[PDB]
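A structural walkthrough
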Amino acid sequence: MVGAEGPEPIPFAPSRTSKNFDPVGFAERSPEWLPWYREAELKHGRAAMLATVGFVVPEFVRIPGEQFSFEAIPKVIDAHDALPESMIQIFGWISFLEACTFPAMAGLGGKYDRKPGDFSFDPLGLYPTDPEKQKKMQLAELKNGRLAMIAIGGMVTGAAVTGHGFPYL
Amino acid sequence: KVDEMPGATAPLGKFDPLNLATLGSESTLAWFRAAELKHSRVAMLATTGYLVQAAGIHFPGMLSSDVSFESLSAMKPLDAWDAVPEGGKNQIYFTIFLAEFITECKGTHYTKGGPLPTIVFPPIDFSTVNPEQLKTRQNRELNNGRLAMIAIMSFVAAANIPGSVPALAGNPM
Amino acid sequence: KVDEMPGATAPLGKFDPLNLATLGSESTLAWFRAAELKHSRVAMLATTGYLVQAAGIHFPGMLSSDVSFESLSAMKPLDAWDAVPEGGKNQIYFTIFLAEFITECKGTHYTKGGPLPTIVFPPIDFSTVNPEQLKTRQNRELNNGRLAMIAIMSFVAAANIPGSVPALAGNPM
Amino acid sequence: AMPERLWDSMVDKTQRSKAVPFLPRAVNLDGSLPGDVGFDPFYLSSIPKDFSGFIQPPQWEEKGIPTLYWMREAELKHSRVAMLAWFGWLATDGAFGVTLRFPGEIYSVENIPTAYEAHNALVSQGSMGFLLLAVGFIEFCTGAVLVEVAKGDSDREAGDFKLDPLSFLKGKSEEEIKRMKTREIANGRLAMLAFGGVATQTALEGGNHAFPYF
Amino acid sequence: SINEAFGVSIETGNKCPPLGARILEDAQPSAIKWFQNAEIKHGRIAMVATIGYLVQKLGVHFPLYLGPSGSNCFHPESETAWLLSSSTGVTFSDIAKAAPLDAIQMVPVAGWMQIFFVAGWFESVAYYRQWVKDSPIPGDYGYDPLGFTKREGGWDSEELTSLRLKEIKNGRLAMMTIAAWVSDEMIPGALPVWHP
Ligand code: CLA
Ligand code: CLA
Ligand code: CLA
Ligand code: CLA
Ligand SMILES: CC(=O)O[C@H]1CC(C)(C)C(=C=C/C(C)=C/C=C/C(C)=C/C=C/C=C(C)/C=C/C=C(\C)C(=O)C[C@@]23O[C@]2(C)C[C@@H](O)CC3(C)C)[C@](C)(O)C1
Ligand code: KC1
């Protein structure tokens, strides 16, 4: 919990706070798994942020092609099962990127110099210079990812219940 | 350099209001210098090649096998360019295409301080001609081209827009 | 030094824009040297060997036992290749195959600074002539081959694509 | 798990690879070889096995090739074959203007319309079987050197044969040689993927056999 | 970002743009410069697309000829029609007779690849000369055919810092300029001043 940031003042709706949120105590029990946990929490949040906007844009845009169209598929919830030639393919290329990640996972912890989640991925240059803004920067990614994990679990489950447009209401 | 340059005569001197000679390096100014030298020589031949081709000078005989020199009796001198056949228009460009090579393939290219474009056919030996009187001629060569660059644009604008040029619109062309 | 050697004449001088003589070692340049020397001599014999017999020069008698010199009355000079029989087309290559050996089996190869391909069958001694006048001849020999390497490619392109060459397409070949 | 891990003797946890900056650099990669950006995400250079064992078995005598050396020697041979095979596959198809074919009826257009059916057609004839023997002789006469270098008795670079008949590089500065060597590798890399492209498309359900294979 | 963004001059407020400063006032030398690269590059397409639309909306096409039988500004109605494609038969002249937003789709697929290959190749020698060779100056490649940048001072000359400042603003004009022009054809009457 110390050093590794993330618990910050956001009141939970039951009368508790997220100032230090660990109810069942994963920090004190097996703290050697803590770099694996952050690294998990990130990858779940990054993929959920992309899949959130990944449900936004295929309502009104639809990239040119006959295979996916409104007349071809009206319900964007059905793009999973009705485009399987693109499904294995996205799956195939993710497996090339996930495979070069293994040796980073094999020394996840004290052996390799890097902090979990931290690819050397900054083409545009937007990660700031000093800790005061950098810790604030890493914290904003955590909450946006966590807001997006719970989001798409409500978006996708909503569309099976309601069967409606984009704000589901 | 800007100074000691042929092309700077009495009535204007250094004519550069928008400061274009300063705009690049020395190699930049040498490119513009032989551009204006080449823009002149094309326009001097086209202005003079407009005045005749309009008064009926008329090479005797046949230009090609069936498209002989009837191109001067009726059509304007801006025309008779599609009347010249393709194989005739082709050898014109390719003699030019050859002439642009010796111009470029000298021992020292002129933006590196080398000589200006010289004659391809019949070189002889050149401006071993008394460099005081050489400077007077290169002023005479460029000024006639300056006047001809304006004049060939007058001849085009008269052929497109009637009445675009006052004491020149009453001329059959 | 590329400028001071057989093949560097007046209108271009050292002609190497893409810097190919620098691309290898001195042994590399000697290979390209006698390549162009050999590319010339094949193209000079093929350009000339094309004009003549396109005009009907016609060896009297029989080429072989039944395939006598009717190869000139009708077929183009790019043809009459498969009309020459196999045993006739064989001796030609093997006299060449033999001529490529003395070319290679000299006391000093040419890329090691040795002499360039000399006449294989009649070896008139050529050592004696004024080397000032010798340099003028090797410029003449290569330039005629340079022109012939272009010309034999013109003759092929005219035989494949009609109208690919303007003042040459109106020629029966 | 309580031995000393194998991840440490082959991973170098101090520097990072130029390619993929989040992985550390493999121990045998350097900047020394031409065409090197530190790219080895699967840590293949780091496998501590003697791959000269395939030619000669390890039980013959004491001996060891560096793993990195055997890889470079493979990659050069994979480069060379693919540069010629891609070029030779298109040239016989008429992708460069002229349909380049050997003289004779057997290798003409009427018996073989395009290169896609040249392997199976020539295999039955025998011209394919002949080339197998001709390569076999060269491979055997050139693969024995790998043994010498593995015994430490040679100072020959990987893929280096005294094949410079036109003397491209005699007397060139090591900067000039290294740059030229990088060209063998970069053009070879592009041609390994070019041949894999052409051979794959041309074998699916659609896909033509014209110069463009899409 | 600040005063030293170099694209700042007198006709807007001082140092930073009020709305778009705040992303760069905290970031790196890398982020400021990378956005400086885009604004130069977005201008360079817009400085050319300005004239590609000027020439299209006129209707002059490639047999360029100064007078009244071939293609000029005055008579863009040439008598001689050359041929663009040779397999689908679309010519140079009939593209000029269509709307500029319709004339784009008349270009066949051989063209669009060979644009993209040359532009893709220029964009690869783009990336090397600057981000690897660390030019301290953006939009800065070896592309100088006439050698404007070899003078007595070099990159510190007042005439060179002028033209960079001159180029961005002319790109800044042209980006606003072509965007109002695309708007006028998609919706008629979007910019009513002089040009539709
Ligand atoms: C799988 C996703 C995942 C993972 C791996 C983590 C990982 C982590 N979180 Mg986190 N979190 C997540 C999702 C996740 N989070 C979501 C969605 C929220 C929003 C509610 C939060 C909100 C949150 C807060 C507010 C805080 C953390 C903190 C932490 C860190 C310490 C706690 C710990 O080790 O427990 C994680 C260990 C796990 C094994 C993951 C739990 C997975 C359980 C077992 C799944 C069981 C079902 C589950 C209850 C879902 C219910 C749905 C349904 C089945 C009923 C750790 C890095 C703390 C921190 O930053 O510490 C520095 C902290 O203060 N988390
Ligand atoms: C065989 C004739 C011939 C040819 C092929 C050329 C070729 C060329 N001349 Mg040229 N020239 C010629 C004769 C010729 N000239 C003569 C006789 C003179 C007077 C000395 C010049 C003076 C001259 C100048 C001043 C310039 C050129 C230029 C050029 C080049 C580009 C212009 C062009 O397309 O001209 C090709 C077409 C020419 C139509 C017209 C001339 C052809 C004449 C009339 C042939 C008859 C003359 C004849 C040989 C003399 C009779 C006696 C005879 C028995 C020896 C080009 C390489 C320019 C350059 O920079 O590089 C060369 C240039 O500025 N020429
Ligand atoms: C990877 C290279 C490669 C391979 C395996 C093939 C294979 C084939 N080609 Mg091919 N070709 C290639 C490259 C290649 N080509 C290149 C680069 C060219 C253009 C220069 C051609 C031009 C070509 C033509 C024109 C034709 C073929 C044809 C054929 C087919 C029959 C040839 C045969 O049986 O051998 C017969 C040939 C030989 C036995 C030649 C000797 C080969 C030697 C032994 C190889 C060893 C030397 C090698 C260069 C390496 C040097 C040593 C090394 C250490 C550096 C066969 C499918 C024919 C076909 O069916 O077309 C459809 C045909 O007509 N090819
Ligand atoms: C895509 C083109 C593009 C790009 C990358 C930039 C980039 C930049 N501009 Mg710039 N600019 C542009 C177009 C662009 N501009 C245009 C068209 C104009 C003319 C109006 C200007 C006028 C301008 C001035 C006057 C100045 C800059 C400055 C800057 C720098 C700091 C501001 C910043 O962070 O960017 C701005 C933010 C973005 C580019 C984010 C992207 C915009 C969003 C995602 C979409 C917006 C579209 C919008 C809704 C369309 C409607 C347009 C609106 C006017 C109605 C930065 C290098 C300053 C500088 O040089 O600082 C040193 C400076 O003084 N710009
Ligand atoms: C009919 C007849 O008689 O003849 C028959 C004979 C026969 C033998 C039966 C036939 C066959 C079989 C053939 C020819 C088989 C050939 C197979 C072949 C040659 C297959 C190559 C694959 C290459 C791959 C997968 C590369 C992937 C590349 C991958 C996965 C990458 O990630 C590349 C990349 O990550 C790098 C490394 C890093 C970056 O810089 C770039 C990126 C990130 C993109 C034919 C063809 O049917 C003809
Ligand atoms: C996905 C690819 C992957 C492969 C292919 C792979 C293979 C091997 N691992 Mg490994 N590995 C991970 C990834 C992979 N490992 C990850 C994510 C973890 C963390 C959970 C992990 C953990 C450990 C530990 C704790 C040890 C270990 C070893 C070896 C070993 C040699 C065996 C031998 O030859 O004796 C081999 C072949 C042991 C070692 O070095 O000593 C005995 C050892 O203790 N691993």
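Residues numbered from 1 in each chain as written, not as in the entry; some residues may be left out. Chains lettered and ligands numbered in written order. Part of a larger assembly, values for the part shown. Heavy atoms only, no water. Residues with missing side-chain atoms left out of burial classes, pairs and counts.

For this deposition, the record names cryo-EM as the technique by which the model was determined and cites 2.38 Å as its resolution.

**Some words on the interface of chain B and chain C**
Across the boundary between the two partners, chain B contributes 5 residues, which contact 5 residues of chain C. Together, the buried faces of chain B and chain C total about 360 Å²; carbon and sulfur atoms form 68% of this surface. Scanning the region where chain B abuts chain C turns up 0 salt bridges. At the junction of chain B and chain C, the tally comes to 0 residue pairs in polar contact. In the side of chain B that touches chain C, the residues fall into 2 nonpolar, 3 polar and no charged. (Contact = heavy atoms within 4.5 Å. Buried area = accessible area lost by both parts, 1.4 Å probe. Salt bridge = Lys/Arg side-chain N within 4 Å of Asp/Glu carboxyl O. Polar contact = N/O pair within 3.5 Å; in protein donor to acceptor, adjacent residues only side chain to side chain. Nonpolar A, V, L, I, M, F, W, Y, C, P; charged D, E, K, R; others polar.)

**Considering helix 5 (residues 158-186) of chain E**
Residue and element names in this part refer to chain E. Its 29 residues place the ends of helix 5 42 Å apart at the C-alpha level, agreeing with the 42 Å of an ideal helix rising 1.5 Å per residue. Within the sequence span of helix 5, burial applies to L160, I168, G171, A174, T177, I178, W181 and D184. The secondary structure elements touched by the buried residues of helix 5 are helix 1 (29-58). (Helix = DSSP H or I, 4+ residues; strand = E, 2+ residues; numbered from the N terminus. Expected span 1.5 Å × (residues − 1). Buried < 20%, exposed > 50% of the residue type's maximum accessible area, 1.4 Å probe, protein only.)

**Re the site of ligand 1**
All names here are of chain A. Neighbouring residues of ligand 1: 13 residues in total, closest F21, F26, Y37, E41 and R146. Backbone polar atom of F21 to an oxygen atom of ligand 1: 3.3 Å apart, as the coordinates give it. One of the side-chain nitrogen or oxygen atoms of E41 is found 3.2 Å away from a nitrogen atom of ligand 1. Of all the secondary-structure elements, those providing two or more residues to the shell around ligand 1 are helix 1 (34-56) and helix 4 (131-162). Looking at the shell around ligand 1 element by element, the count peaks at 4 residues for helix 1. (Near = heavy atom within 4 Å.)

**Description of the pattern of salt bridges**
Under the definition given, this model contains 26 salt bridges over all chains. Of the charged contacts, one joins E77 of chain E and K97 of chain E as a salt bridge, the two residues approaching to 3.3 Å between their closest N and O atoms. Pair noted here: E77 of chain E is in the loop between helix 1 and helix 2 (93-96) and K97 of chain E is in the loop between helix 2 and helix 3 (100-103), with a separation of 20 residues, a long-range link. With respect to burial, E77 of chain E and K97 of chain E carry one shared label: exposed. Within this structure, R38, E41 and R146 of chain A form a network of salt bridges that share partners.

**With respect to the site of ligand 4**
Residue and element names in this part refer to chain E. Taken together, 16 residues surround ligand 4, and among them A5, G7, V8, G20 and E39 come closest. Between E39 and ligand 4, the recorded distance is 2.9 Å, taken from a side-chain N or O atom to a nitrogen atom. Between ligand 4 and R172, the relevant distance is 3.4 Å, taken from an oxygen atom to a side-chain nitrogen or oxygen of the residue. For the shell around ligand 4, the secondary-structure elements that each account for two or more residues are helix 1 and helix 5. Here the element with the most residues in the shell around ligand 4 is helix 1; it accounts for 5 residues. Looking at the shell around ligand 4 residue by residue, the classes come out as 9 nonpolar, 5 polar and 2 charged.

**Points about the interface of chain B and chain E**
The partner chain E presents 15 residues to the 17 residues of chain B that form the contact. Of the roughly 1400 Å² buried at the junction of chain B and chain E (both faces included), carbon and sulfur atoms supply 63%. Per-residue buried area on chain B facing chain E is highest for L23, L78 and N160 of chain B; these three make up 35% of the total on that side. Applying the counting rule to chain B against chain E returns 5 residue pairs in polar contact.

**What to know about the arrangement of the chains**
The protein chains that touch form 6 pairs of chains, and the pair with the most contacts between them is chains B and E. No interface is formed between chain A and chain B, the nearest pair of C-alpha atoms being 33 Å apart.

**Considerations on the packing of helix 1 of chain E against helix 5 of chain E**
All names here are of chain E. Closest axis-to-axis distance for the helix 1/helix 5 pair is 7 Å, and the angle between their directions is 50 degrees. The orientation of helix 1 relative to helix 5 falls into the category oblique. Between helix 1 and helix 5 the crossing geometry is left-handed. Facing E39, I40, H42, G43, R44, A46, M47, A49, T50, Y53 and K57 of helix 1, the residues of helix 5 in contact are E167, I168, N170, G171, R172, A174, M175, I178, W181 and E185. Here the contact of helix 1 with helix 5 is built from residues that sort into 10 nonpolar, 5 polar and 6 charged. (Axes fitted to C-alpha atoms, helices over the stretch in contact; angles between N-to-C directions. Parallel < 35°, antiparallel > 145°, perpendicular 65-115°, else oblique. Left-handed = near helix turned anticlockwise from the far one by under 90°.)

**Re the environment of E77 of chain E**
Residues and elements named next belong to chain E. On the basis of relative accessible area, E77 is assigned to the exposed category, the value being 54%. C-alpha of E77 to C-alpha of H61: the two residues are 16 residues apart in sequence and 8.7 Å apart in space. Leave out the neighbours within four places in its chain, and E77 touches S69 and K97. At 3.3 Å, the side chain of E77 forms a polar contact with the side chain of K97.

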